[PDB]
>>> print(open('entry17.cif').read())   # mmCIF, N, CA and C atoms
data_data
#
loop_
_atom_site.group_PDB
_atom_site.id
_atom_site.type_symbol
_atom_site.label_atom_id
_atom_site.label_comp_id
_atom_site.auth_asym_id
_atom_site.auth_seq_id
_atom_site.Cartn_x
_atom_site.Cartn_y
_atom_site.Cartn_z
ATOM 1 N N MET H 1 0.827 -1.201 0.000
ATOM 2 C CA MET H 1 0.000 0.000 0.000
ATOM 3 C C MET H 1 0.865 1.256 0.000
ATOM 4 N N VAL H 2 0.911 1.939 -1.139
ATOM 5 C CA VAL H 2 1.700 3.157 -1.269
ATOM 6 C C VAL H 2 1.051 4.316 -0.519
ATOM 7 N N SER H 3 1.878 5.132 0.125
ATOM 8 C CA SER H 3 1.385 6.276 0.884
ATOM 9 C C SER H 3 1.833 7.587 0.244
ATOM 10 N N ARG H 4 0.871 8.350 -0.261
ATOM 11 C CA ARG H 4 1.164 9.626 -0.901
ATOM 12 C C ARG H 4 1.629 10.655 0.125
ATOM 13 N N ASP H 5 0.952 10.692 1.267
ATOM 14 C CA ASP H 5 1.295 11.629 2.330
ATOM 15 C C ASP H 5 2.220 10.976 3.352
ATOM 16 N N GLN H 6 3.300 11.671 3.696
ATOM 17 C CA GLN H 6 4.264 11.157 4.661
ATOM 18 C C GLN H 6 4.382 12.090 5.862
ATOM 19 N N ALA H 7 3.255 12.349 6.516
ATOM 20 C CA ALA H 7 3.231 13.224 7.682
ATOM 21 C C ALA H 7 3.633 12.466 8.943
ATOM 22 N N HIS H 8 3.434 11.152 8.930
ATOM 23 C CA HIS H 8 3.775 10.315 10.073
ATOM 24 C C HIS H 8 4.669 9.154 9.648
ATOM 25 N N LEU H 9 5.874 9.106 10.206
ATOM 26 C CA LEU H 9 6.824 8.046 9.884
ATOM 27 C C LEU H 9 6.532 6.788 10.693
ATOM 28 N N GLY H 10 6.978 5.644 10.182
ATOM 29 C CA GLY H 10 6.756 4.386 10.871
ATOM 30 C C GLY H 10 6.283 3.289 9.938
ATOM 31 N N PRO H 11 7.210 2.755 9.129
ATOM 32 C CA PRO H 11 6.904 1.687 8.171
ATOM 33 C C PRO H 11 6.601 0.362 8.860
ATOM 34 N N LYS H 12 6.216 -0.635 8.070
ATOM 35 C CA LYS H 12 5.898 -1.954 8.602
ATOM 36 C C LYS H 12 7.168 -2.752 8.877
ATOM 37 N N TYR H 13 7.070 -3.722 9.779
ATOM 38 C CA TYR H 13 8.211 -4.556 10.132
ATOM 39 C C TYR H 13 7.906 -6.031 9.884
ATOM 40 N N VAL H 14 8.908 -6.763 9.407
ATOM 41 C CA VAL H 14 8.749 -8.185 9.127
ATOM 42 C C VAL H 14 10.004 -8.963 9.507
ATOM 43 N N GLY H 15 9.809 -10.146 10.080
ATOM 44 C CA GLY H 15 10.934 -10.971 10.482
ATOM 45 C C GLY H 15 10.674 -11.718 11.776
ATOM 46 N N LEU H 16 10.063 -12.892 11.666
ATOM 47 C CA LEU H 16 9.755 -13.706 12.836
ATOM 48 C C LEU H 16 10.418 -15.076 12.737
ATOM 49 N N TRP H 17 11.013 -15.357 11.583
ATOM 50 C CA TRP H 17 11.684 -16.632 11.360
ATOM 51 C C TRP H 17 10.720 -17.797 11.550
ATOM 52 N N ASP H 18 9.456 -17.574 11.206
ATOM 53 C CA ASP H 18 8.434 -18.607 11.337
ATOM 54 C C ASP H 18 8.429 -19.189 12.747
ATOM 55 N N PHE H 19 8.554 -18.318 13.743
ATOM 56 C CA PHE H 19 8.567 -18.746 15.137
ATOM 57 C C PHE H 19 7.214 -18.492 15.796
ATOM 58 N N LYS H 20 6.614 -19.551 16.328
ATOM 59 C CA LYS H 20 5.318 -19.446 16.988
ATOM 60 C C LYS H 20 5.436 -19.775 18.473
ATOM 61 N N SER H 21 5.283 -18.757 19.314
ATOM 62 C CA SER H 21 5.373 -18.938 20.758
ATOM 63 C C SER H 21 3.996 -18.837 21.407
ATOM 64 N N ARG H 22 3.937 -19.124 22.703
ATOM 65 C CA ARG H 22 2.680 -19.067 23.441
ATOM 66 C C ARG H 22 2.736 -17.997 24.528
ATOM 67 N N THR H 23 3.950 -17.593 24.892
ATOM 68 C CA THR H 23 4.141 -16.579 25.920
ATOM 69 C C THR H 23 4.075 -15.176 25.326
ATOM 70 N N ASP H 24 3.859 -14.186 26.184
ATOM 71 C CA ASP H 24 3.776 -12.798 25.746
ATOM 72 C C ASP H 24 5.145 -12.281 25.314
ATOM 73 N N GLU H 25 6.186 -12.725 26.012
ATOM 74 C CA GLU H 25 7.548 -12.305 25.702
ATOM 75 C C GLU H 25 7.856 -12.511 24.221
ATOM 76 N N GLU H 26 7.222 -13.516 23.625
ATOM 77 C CA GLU H 26 7.430 -13.819 22.214
ATOM 78 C C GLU H 26 6.134 -13.656 21.425
ATOM 79 N N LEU H 27 6.265 -13.410 20.127
ATOM 80 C CA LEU H 27 5.105 -13.233 19.260
ATOM 81 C C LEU H 27 4.678 -14.561 18.642
ATOM 82 N N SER H 28 3.374 -14.815 18.639
ATOM 83 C CA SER H 28 2.837 -16.049 18.080
ATOM 84 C C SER H 28 2.435 -15.856 16.621
ATOM 85 N N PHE H 29 3.432 -15.722 15.752
ATOM 86 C CA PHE H 29 3.183 -15.530 14.328
ATOM 87 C C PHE H 29 4.414 -15.902 13.505
ATOM 88 N N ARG H 30 4.195 -16.212 12.232
ATOM 89 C CA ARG H 30 5.286 -16.587 11.339
ATOM 90 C C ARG H 30 5.751 -15.389 10.516
ATOM 91 N N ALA H 31 6.889 -15.545 9.847
ATOM 92 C CA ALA H 31 7.441 -14.477 9.022
ATOM 93 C C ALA H 31 6.497 -14.123 7.878
ATOM 94 N N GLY H 32 6.777 -13.008 7.209
ATOM 95 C CA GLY H 32 5.942 -12.577 6.103
ATOM 96 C C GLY H 32 4.856 -11.613 6.537
ATOM 97 N N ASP H 33 4.474 -11.687 7.807
ATOM 98 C CA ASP H 33 3.437 -10.815 8.345
ATOM 99 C C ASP H 33 4.018 -9.460 8.738
ATOM 100 N N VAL H 34 3.273 -8.397 8.448
ATOM 101 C CA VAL H 34 3.713 -7.045 8.771
ATOM 102 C C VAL H 34 3.194 -6.609 10.136
ATOM 103 N N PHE H 35 4.003 -5.833 10.851
ATOM 104 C CA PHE H 35 3.625 -5.347 12.173
ATOM 105 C C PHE H 35 4.259 -3.988 12.454
ATOM 106 N N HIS H 36 3.754 -3.307 13.478
ATOM 107 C CA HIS H 36 4.271 -1.996 13.854
ATOM 108 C C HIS H 36 4.719 -1.984 15.312
ATOM 109 N N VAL H 37 5.656 -1.099 15.632
ATOM 110 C CA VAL H 37 6.170 -0.985 16.992
ATOM 111 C C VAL H 37 5.283 -0.083 17.842
ATOM 112 N N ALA H 38 4.967 -0.542 19.048
ATOM 113 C CA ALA H 38 4.128 0.224 19.961
ATOM 114 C C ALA H 38 4.974 1.013 20.955
ATOM 115 N N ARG H 39 6.133 0.463 21.306
ATOM 116 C CA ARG H 39 7.032 1.116 22.249
ATOM 117 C C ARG H 39 8.490 0.826 21.899
ATOM 118 N N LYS H 40 9.321 1.861 21.949
ATOM 119 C CA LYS H 40 10.738 1.720 21.639
ATOM 120 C C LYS H 40 11.587 1.845 22.901
ATOM 121 N N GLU H 41 12.158 0.727 23.338
ATOM 122 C CA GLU H 41 12.995 0.714 24.533
ATOM 123 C C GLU H 41 14.458 0.481 24.169
ATOM 124 N N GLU H 42 15.355 0.884 25.065
ATOM 125 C CA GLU H 42 16.786 0.720 24.838
ATOM 126 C C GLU H 42 17.189 -0.749 24.938
ATOM 127 N N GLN H 43 16.408 -1.519 25.687
ATOM 128 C CA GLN H 43 16.684 -2.940 25.866
ATOM 129 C C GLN H 43 15.997 -3.768 24.785
ATOM 130 N N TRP H 44 14.677 -3.878 24.880
ATOM 131 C CA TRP H 44 13.901 -4.642 23.910
ATOM 132 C C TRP H 44 12.896 -3.748 23.191
ATOM 133 N N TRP H 45 12.473 -4.176 22.007
ATOM 134 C CA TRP H 45 11.512 -3.412 21.219
ATOM 135 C C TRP H 45 10.130 -4.054 21.276
ATOM 136 N N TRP H 46 9.102 -3.222 21.404
ATOM 137 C CA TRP H 46 7.729 -3.708 21.471
ATOM 138 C C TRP H 46 7.110 -3.785 20.079
ATOM 139 N N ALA H 47 6.471 -4.912 19.781
ATOM 140 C CA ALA H 47 5.834 -5.109 18.485
ATOM 141 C C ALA H 47 4.414 -5.642 18.646
ATOM 142 N N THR H 48 3.549 -5.305 17.695
ATOM 143 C CA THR H 48 2.161 -5.748 17.732
ATOM 144 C C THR H 48 1.744 -6.365 16.403
ATOM 145 N N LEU H 49 1.401 -7.647 16.432
ATOM 146 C CA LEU H 49 0.982 -8.356 15.227
ATOM 147 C C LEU H 49 -0.473 -8.045 14.891
ATOM 148 N N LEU H 50 -0.686 -7.401 13.749
ATOM 149 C CA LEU H 50 -2.032 -7.046 13.310
ATOM 150 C C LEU H 50 -2.483 -7.942 12.162
ATOM 151 N N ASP H 51 -3.795 -8.094 12.017
ATOM 152 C CA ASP H 51 -4.357 -8.921 10.956
ATOM 153 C C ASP H 51 -4.191 -8.248 9.597
ATOM 154 N N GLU H 52 -4.640 -8.928 8.546
ATOM 155 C CA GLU H 52 -4.539 -8.395 7.193
ATOM 156 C C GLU H 52 -5.273 -7.063 7.075
ATOM 157 N N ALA H 53 -6.288 -6.877 7.913
ATOM 158 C CA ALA H 53 -7.071 -5.647 7.905
ATOM 159 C C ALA H 53 -6.340 -4.528 8.638
ATOM 160 N N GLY H 54 -5.361 -4.901 9.457
ATOM 161 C CA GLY H 54 -4.602 -3.916 10.204
ATOM 162 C C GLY H 54 -4.939 -3.923 11.682
ATOM 163 N N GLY H 55 -6.036 -4.587 12.034
ATOM 164 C CA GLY H 55 -6.449 -4.653 13.423
ATOM 165 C C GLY H 55 -5.497 -5.470 14.274
ATOM 166 N N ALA H 56 -5.103 -4.918 15.416
ATOM 167 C CA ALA H 56 -4.190 -5.603 16.321
ATOM 168 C C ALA H 56 -4.675 -7.016 16.625
ATOM 169 N N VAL H 57 -3.734 -7.913 16.901
ATOM 170 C CA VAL H 57 -4.066 -9.299 17.209
ATOM 171 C C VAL H 57 -3.103 -9.879 18.239
ATOM 172 N N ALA H 58 -1.846 -10.040 17.841
ATOM 173 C CA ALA H 58 -0.826 -10.582 18.731
ATOM 174 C C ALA H 58 -0.005 -9.467 19.369
ATOM 175 N N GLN H 59 0.484 -9.717 20.579
ATOM 176 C CA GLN H 59 1.284 -8.732 21.297
ATOM 177 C C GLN H 59 2.541 -9.371 21.879
ATOM 178 N N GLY H 60 3.626 -8.603 21.920
ATOM 179 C CA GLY H 60 4.876 -9.111 22.453
ATOM 180 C C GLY H 60 6.029 -8.151 22.244
ATOM 181 N N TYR H 61 7.233 -8.589 22.593
ATOM 182 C CA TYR H 61 8.423 -7.757 22.445
ATOM 183 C C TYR H 61 9.644 -8.609 22.110
ATOM 184 N N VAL H 62 10.438 -8.142 21.153
ATOM 185 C CA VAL H 62 11.639 -8.857 20.738
ATOM 186 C C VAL H 62 12.685 -7.899 20.181
ATOM 187 N N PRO H 63 13.957 -8.322 20.223
ATOM 188 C CA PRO H 63 15.077 -7.517 19.725
ATOM 189 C C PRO H 63 15.067 -7.388 18.206
ATOM 190 N N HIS H 64 15.621 -6.287 17.707
ATOM 191 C CA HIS H 64 15.677 -6.044 16.269
ATOM 192 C C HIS H 64 16.414 -7.172 15.555
ATOM 193 N N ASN H 65 17.255 -7.886 16.298
ATOM 194 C CA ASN H 65 18.022 -8.992 15.735
ATOM 195 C C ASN H 65 17.095 -10.068 15.176
ATOM 196 N N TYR H 66 15.846 -10.060 15.630
ATOM 197 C CA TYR H 66 14.863 -11.036 15.178
ATOM 198 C C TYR H 66 14.089 -10.511 13.972
ATOM 199 N N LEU H 67 13.386 -9.401 14.167
ATOM 200 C CA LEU H 67 12.604 -8.794 13.095
ATOM 201 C C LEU H 67 13.337 -7.599 12.495
ATOM 202 N N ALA H 68 13.244 -7.456 11.177
ATOM 203 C CA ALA H 68 13.895 -6.354 10.480
ATOM 204 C C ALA H 68 12.867 -5.386 9.902
ATOM 205 N N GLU H 69 13.210 -4.102 9.892
ATOM 206 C CA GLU H 69 12.315 -3.077 9.368
ATOM 207 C C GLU H 69 12.186 -3.193 7.852
ATOM 208 N N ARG H 70 11.011 -2.843 7.336
ATOM 209 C CA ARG H 70 10.756 -2.909 5.902
ATOM 210 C C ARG H 70 10.386 -1.535 5.352
ATOM 211 N N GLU H 71 11.400 -0.721 5.076
ATOM 212 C CA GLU H 71 11.180 0.619 4.545
ATOM 213 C C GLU H 71 10.407 0.565 3.231
ATOM 214 N N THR H 72 9.511 1.529 3.039
ATOM 215 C CA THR H 72 8.704 1.590 1.826
ATOM 216 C C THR H 72 9.584 1.669 0.583
#
>>> encode(input="entry17.cif", output="structure tokens")
Amino acid sequence: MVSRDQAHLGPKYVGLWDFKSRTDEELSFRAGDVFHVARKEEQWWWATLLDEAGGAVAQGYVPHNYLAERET
């Protein structure tokens, strides 16, 4: 989805290595899915797995070493 207006920065993120967890510390989703960061910490990064419609679904936090940003 191309964005004509760029008033708010914050592209989608992808990179779960097809890892499915059950705890909150980890995200229960596979790679290929796009997500956005809810909180940026110096230690760990917060991510939220949203459905194809964009509605939030999964919640958790993981290091950038796991998921990589996907600039437009």
>>> atom_distance(input="entry17.cif", atom1="atom C of residue 18 of chain H", atom2="atom C of residue 1 of chain H")
25.3 Å
>>> residues_near_point(input="entry17.cif", point="(0.4, 1.1, 14.3)", cutoff="8 Å", atoms="all atoms listed in the file", output="PDB file with N, CA and C atoms, in the frame of the given file")
ATOM      1  N   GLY H  10       6.978   5.644  10.182  1.00  0.00           N
ATOM      2  CA  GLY H  10       6.756   4.386  10.871  1.00  0.00           C
ATOM      3  C   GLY H  10       6.283   3.289   9.938  1.00  0.00           C
ATOM      4  N   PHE H  35       4.003  -5.833  10.851  1.00  0.00           N
ATOM      5  CA  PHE H  35       3.625  -5.347  12.173  1.00  0.00           C
ATOM      6  C   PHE H  35       4.259  -3.988  12.454  1.00  0.00           C
ATOM      7  N   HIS H  36       3.754  -3.307  13.478  1.00  0.00           N
ATOM      8  CA  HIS H  36       4.271  -1.996  13.854  1.00  0.00           C
ATOM      9  C   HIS H  36       4.719  -1.984  15.312  1.00  0.00           C
ATOM     10  N   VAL H  37       5.656  -1.099  15.632  1.00  0.00           N
ATOM     11  CA  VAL H  37       6.170  -0.985  16.992  1.00  0.00           C
ATOM     12  C   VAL H  37       5.283  -0.083  17.842  1.00  0.00           C
ATOM     13  N   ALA H  38       4.967  -0.542  19.048  1.00  0.00           N
ATOM     14  CA  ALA H  38       4.128   0.224  19.961  1.00  0.00           C
ATOM     15  C   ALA H  38       4.974   1.013  20.955  1.00  0.00           C
ATOM     16  N   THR H  48       3.549  -5.305  17.695  1.00  0.00           N
ATOM     17  CA  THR H  48       2.161  -5.748  17.732  1.00  0.00           C
ATOM     18  C   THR H  48       1.744  -6.365  16.403  1.00  0.00           C
ATOM     19  N   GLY H  54      -5.361  -4.901   9.457  1.00  0.00           N
ATOM     20  CA  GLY H  54      -4.602  -3.916  10.204  1.00  0.00           C
ATOM     21  C   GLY H  54      -4.939  -3.923  11.682  1.00  0.00           C
TER      22      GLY H  54
END
>>> residues_around(input="entry17.cif", residues="residue 16 of chain H", least_positions_apart="2", cutoff="5 Å", atoms="only N, CA and C atoms", output="ChimeraX atom specification")
/H:14,18-19,30-31
>>> residues_around(input="entry17.cif", residues="residue 12 of chain H", least_positions_apart="3", cutoff="6.5 Å", atoms="only N, CA and C atoms", output="PyMOL selection string")
chain H and resi 34-36+68-72
>>> resolve_selection(input="entry17.cif", expression="the PyMOL selection byres ((chain H and resi 62) around 8)", output="JSON, numbers by chain")
{"H": [24, 25, 26, 27, 43, 44, 45, 46, 47, 60, 61, 63, 64, 65, 66, 67]}
>>> select_by_dssp(input="entry17.cif", residues="segment 11-66 of chain H", states="strand (DSSP E or B)", output="MDAnalysis selection string")
chainID H and resid 12:14 20 28 35:40 45:50 56:62
>>> atom_distance(input="entry17.cif", atom1="atom CA of residue 52 of chain H", atom2="atom CA of residue 29 of chain H")
12.7 Å
>>> atom_distance(input="entry17.cif", atom1="atom CA of residue 56 of chain H", atom2="atom CA of residue 6 of chain H")
22.1 Å
>>> decode(input="entry17.cif", residues="segment 32-55 of chain H", atoms="N, CA and C atoms", output="PDB file, in the first residue's frame")
ATOM      1  N   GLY H  32       6.777 -13.008   7.209  1.00  0.00           N
ATOM      2  CA  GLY H  32       5.942 -12.577   6.103  1.00  0.00           C
ATOM      3  C   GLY H  32       4.856 -11.613   6.537  1.00  0.00           C
ATOM      4  N   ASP H  33       4.474 -11.687   7.807  1.00  0.00           N
ATOM      5  CA  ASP H  33       3.437 -10.815   8.345  1.00  0.00           C
ATOM      6  C   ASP H  33       4.018  -9.460   8.738  1.00  0.00           C
ATOM      7  N   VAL H  34       3.273  -8.397   8.448  1.00  0.00           N
ATOM      8  CA  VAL H  34       3.713  -7.045   8.771  1.00  0.00           C
ATOM      9  C   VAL H  34       3.194  -6.609  10.136  1.00  0.00           C
ATOM     10  N   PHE H  35       4.003  -5.833  10.851  1.00  0.00           N
ATOM     11  CA  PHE H  35       3.625  -5.347  12.173  1.00  0.00           C
ATOM     12  C   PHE H  35       4.259  -3.988  12.454  1.00  0.00           C
ATOM     13  N   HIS H  36       3.754  -3.307  13.478  1.00  0.00           N
ATOM     14  CA  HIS H  36       4.271  -1.996  13.854  1.00  0.00           C
ATOM     15  C   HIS H  36       4.719  -1.984  15.312  1.00  0.00           C
ATOM     16  N   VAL H  37       5.656  -1.099  15.632  1.00  0.00           N
ATOM     17  CA  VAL H  37       6.170  -0.985  16.992  1.00  0.00           C
ATOM     18  C   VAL H  37       5.283  -0.083  17.842  1.00  0.00           C
ATOM     19  N   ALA H  38       4.967  -0.542  19.048  1.00  0.00           N
ATOM     20  CA  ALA H  38       4.128   0.224  19.961  1.00  0.00           C
ATOM     21  C   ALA H  38       4.974   1.013  20.955  1.00  0.00           C
ATOM     22  N   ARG H  39       6.133   0.463  21.306  1.00  0.00           N
ATOM     23  CA  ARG H  39       7.032   1.116  22.249  1.00  0.00           C
ATOM     24  C   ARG H  39       8.490   0.826  21.899  1.00  0.00           C
ATOM     25  N   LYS H  40       9.321   1.861  21.949  1.00  0.00           N
ATOM     26  CA  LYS H  40      10.738   1.720  21.639  1.00  0.00           C
ATOM     27  C   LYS H  40      11.587   1.845  22.901  1.00  0.00           C
ATOM     28  N   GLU H  41      12.158   0.727  23.338  1.00  0.00           N
ATOM     29  CA  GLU H  41      12.995   0.714  24.533  1.00  0.00           C
ATOM     30  C   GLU H  41      14.458   0.481  24.169  1.00  0.00           C
ATOM     31  N   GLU H  42      15.355   0.884  25.065  1.00  0.00           N
ATOM     32  CA  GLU H  42      16.786   0.720  24.838  1.00  0.00           C
ATOM     33  C   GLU H  42      17.189  -0.749  24.938  1.00  0.00           C
ATOM     34  N   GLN H  43      16.408  -1.519  25.687  1.00  0.00           N
ATOM     35  CA  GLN H  43      16.684  -2.940  25.866  1.00  0.00           C
ATOM     36  C   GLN H  43      15.997  -3.768  24.785  1.00  0.00           C
ATOM     37  N   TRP H  44      14.677  -3.878  24.880  1.00  0.00           N
ATOM     38  CA  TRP H  44      13.901  -4.642  23.910  1.00  0.00           C
ATOM     39  C   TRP H  44      12.896  -3.748  23.191  1.00  0.00           C
ATOM     40  N   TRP H  45      12.473  -4.176  22.007  1.00  0.00           N
ATOM     41  CA  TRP H  45      11.512  -3.412  21.219  1.00  0.00           C
ATOM     42  C   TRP H  45      10.130  -4.054  21.276  1.00  0.00           C
ATOM     43  N   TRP H  46       9.102  -3.222  21.404  1.00  0.00           N
ATOM     44  CA  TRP H  46       7.729  -3.708  21.471  1.00  0.00           C
ATOM     45  C   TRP H  46       7.110  -3.785  20.079  1.00  0.00           C
ATOM     46  N   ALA H  47       6.471  -4.912  19.781  1.00  0.00           N
ATOM     47  CA  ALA H  47       5.834  -5.109  18.485  1.00  0.00           C
ATOM     48  C   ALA H  47       4.414  -5.642  18.646  1.00  0.00           C
ATOM     49  N   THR H  48       3.549  -5.305  17.695  1.00  0.00           N
ATOM     50  CA  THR H  48       2.161  -5.748  17.732  1.00  0.00           C
ATOM     51  C   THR H  48       1.744  -6.365  16.403  1.00  0.00           C
ATOM     52  N   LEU H  49       1.401  -7.647  16.432  1.00  0.00           N
ATOM     53  CA  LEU H  49       0.982  -8.356  15.227  1.00  0.00           C
ATOM     54  C   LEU H  49      -0.473  -8.045  14.891  1.00  0.00           C
ATOM     55  N   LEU H  50      -0.686  -7.401  13.749  1.00  0.00           N
ATOM     56  CA  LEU H  50      -2.032  -7.046  13.310  1.00  0.00           C
ATOM     57  C   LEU H  50      -2.483  -7.942  12.162  1.00  0.00           C
ATOM     58  N   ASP H  51      -3.795  -8.094  12.017  1.00  0.00           N
ATOM     59  CA  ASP H  51      -4.357  -8.921  10.956  1.00  0.00           C
ATOM     60  C   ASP H  51      -4.191  -8.248   9.597  1.00  0.00           C
ATOM     61  N   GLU H  52      -4.640  -8.928   8.546  1.00  0.00           N
ATOM     62  CA  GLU H  52      -4.539  -8.395   7.193  1.00  0.00           C
ATOM     63  C   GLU H  52      -5.273  -7.063   7.075  1.00  0.00           C
ATOM     64  N   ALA H  53      -6.288  -6.877   7.913  1.00  0.00           N
ATOM     65  CA  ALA H  53      -7.071  -5.647   7.905  1.00  0.00           C
ATOM     66  C   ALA H  53      -6.340  -4.528   8.638  1.00  0.00           C
ATOM     67  N   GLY H  54      -5.361  -4.901   9.457  1.00  0.00           N
ATOM     68  CA  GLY H  54      -4.602  -3.916  10.204  1.00  0.00           C
ATOM     69  C   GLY H  54      -4.939  -3.923  11.682  1.00  0.00           C
ATOM     70  N   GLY H  55      -6.036  -4.587  12.034  1.00  0.00           N
ATOM     71  CA  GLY H  55      -6.449  -4.653  13.423  1.00  0.00           C
ATOM     72  C   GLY H  55      -5.497  -5.470  14.274  1.00  0.00           C
TER      73      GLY H  55
END
